[PDB]
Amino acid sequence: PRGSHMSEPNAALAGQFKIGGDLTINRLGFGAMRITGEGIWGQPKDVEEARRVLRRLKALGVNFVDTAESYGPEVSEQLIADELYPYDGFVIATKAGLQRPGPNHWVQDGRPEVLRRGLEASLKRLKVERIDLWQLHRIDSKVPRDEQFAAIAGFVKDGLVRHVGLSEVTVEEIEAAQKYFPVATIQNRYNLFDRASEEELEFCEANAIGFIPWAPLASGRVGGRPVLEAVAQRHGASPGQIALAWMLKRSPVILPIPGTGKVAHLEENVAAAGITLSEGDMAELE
């Protein structure tokens, strides 16, 4: 990309969102799933480049990092601890609820004792007393919902979790969770090409809940679409940057976490916060 947003990217240009009304982030965050090996498994191939991605965040204004016990597993949290501890000026969000038998292989396990073991492992790896934003990675359909929600309420009471998020949930599931704890954020798949969670987004906006879109660059597959390309060309931008600028303008509660393991791509992603789309642009994209 050649546009002026490339010159000094700054995630604070996306605005500040106060998670739960008290924990401030710049909305354009960083997804830390990709600083792992193929299959979200083990160390990344170029570990030193992954370390440089983390080191680059502060100067680009990125202060919101999303990871998970299951990213690696362990590897993503460990690299975050290596490079970002003691996290001055950072909010690290993490998750438990998925097990990892191998590359590309995921298993839901929401048993309360397993959720607690995952949370305790994250605390120890990240070297903190309390997780700022802890997310139920999935509601495990094999375990009664209320037992998982009750375990998480215990995490909050025990002071181990500050704010609670959900992931890939419906409005009905949010309202059920709300009987046990405030839902500070949800993290649902959402991007310009996949708006199945539109109703949940509107619910989050109506209730001041942060909406974290995962796969905000549709897993990097932003190519081949003439209208997106035309909006990008007009801004001296890439299609991926317009995809991010689109969701930033779509709703004031959206908190994109584009994932990358390369410094050049991190810079391009943060630079999307400096783009100003018109309402002509939004009309064309939708």
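The first residue of the shown sequence is 1; numbering continues from there.
> Mind pulling up the entry and telling me whether 84-92 or 71-79 has the higher mean Cα temperature factor?
For C-alpha atoms only, the mean B-factor is higher in 84-92.
> Looking only at CA atoms, which has the higher mean B factor in the entry: 187-195 or 100-108?
So the stretch with the higher mean C-alpha B-factor is 187-195.
> Considering only 57, 228, 255, 32, which residue's Cα atom bears the greatest B-factor as recorded?
If I rank 57, 228, 255, 32 by C-alpha B-factor, first place goes to 228.
> Taking the Cα B-factors listed in the entry, which of 133, 119, 166, 126 comes out highest?
Highest C-alpha B-factor among the listed options: 126.
> Hey, what third does residue 210 fall into on Cα B-factor, ranked over its chain?
Lowest third - that is where residue 210 ends up once the chain's C-alpha B-factors are sorted.
> Would you check the entry's CA temperature factor for residue 52 and let me know if it's in the chain's lowest, middle or highest third?
Answer is middle: the recorded C-alpha B-factor places it there.
> Would you check the entry's CA temperature factor for residue 234 and let me know if it's in the chain's lowest, middle or highest third?
Its C-alpha B-factor belongs to the highest third of this chain's values.
> Taking the chain's C-alpha temperature factors as the reference, tell me which third residue 260 falls into: lowest, middle or highest.
For residue 260, the deposited C-alpha B-factor lands in the lowest third.
> Which third, lowest, middle or highest, does the C-alpha temperature factor of residue 23 belong to within its own chain?
CA B-factor rank for residue 23: highest third.
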